[PDB]
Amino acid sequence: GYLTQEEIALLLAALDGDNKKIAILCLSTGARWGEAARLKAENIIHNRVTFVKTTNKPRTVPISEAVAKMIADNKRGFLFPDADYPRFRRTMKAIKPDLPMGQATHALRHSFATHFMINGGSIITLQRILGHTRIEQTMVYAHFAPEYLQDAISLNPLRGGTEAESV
């Protein structure tokens, strides 16, 4: 379950305030709703978001200057004091009627991860980004990665030929 590009457009158009800012951050980083919602300005360092320890290990995810500007400038302490999750959830559910109960906190994370793989991302990198302790956790997104078996030709150490010359 994830939001298509069309659904993302509809969602960001129907959200407002800190809710829309949190959505943008989750779609940009794979954050769960909760860890996005409790972000503080001191957790943004040189356009890199730290999700501090909870129960999860700390991890860091880069964001663009544009996103950092939107969510953090001229703000101190908690970035999103006017977060409104039930309102977010109702809007989400209007956009995605087949969303299972309670998964509104993770849909945007699933959207991040799914599009990351569709777009050509590495499952290894996604694991680190999501904070998964095991690759098996991340493999739920693996079927979204295109498999081009002719990579065996172009990427092999002979570049698809029969010859290798020395220095």
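Start at 1 with the first residue shown and count on from there.
(message) Zero if continuous, otherwise a range: how many residues of the deposited sequence are missing coordinates between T54 and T55 (none, 1 to 3, 4 to 9, 10 or more)?
(response) Gap size class: 1 to 3 residues without coordinates, per the record.
(request) Could you settle it for me: does 13-21 or 152-160 have the higher average Cα B factor in the PDB entry? (result) Comparing 13-21 with 152-160, the higher average CA B-factor belongs to 13-21.
(request) Would you tell me which stretch averages the higher CA B-factor in the PDB entry, 129-137 or 38-46? (result) Mean C-alpha B-factor is greater for 38-46.
(message) I'd like to know which of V61, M117, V67, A104 has the highest C-alpha temperature factor in the PDB entry.
(response) Comparing C-alpha B-factors across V61, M117, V67, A104, the top value belongs to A104.
(request) Could you tell me which one of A113, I123, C26, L99 shows the highest CA temperature factor in the PDB record? (result) It is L99.
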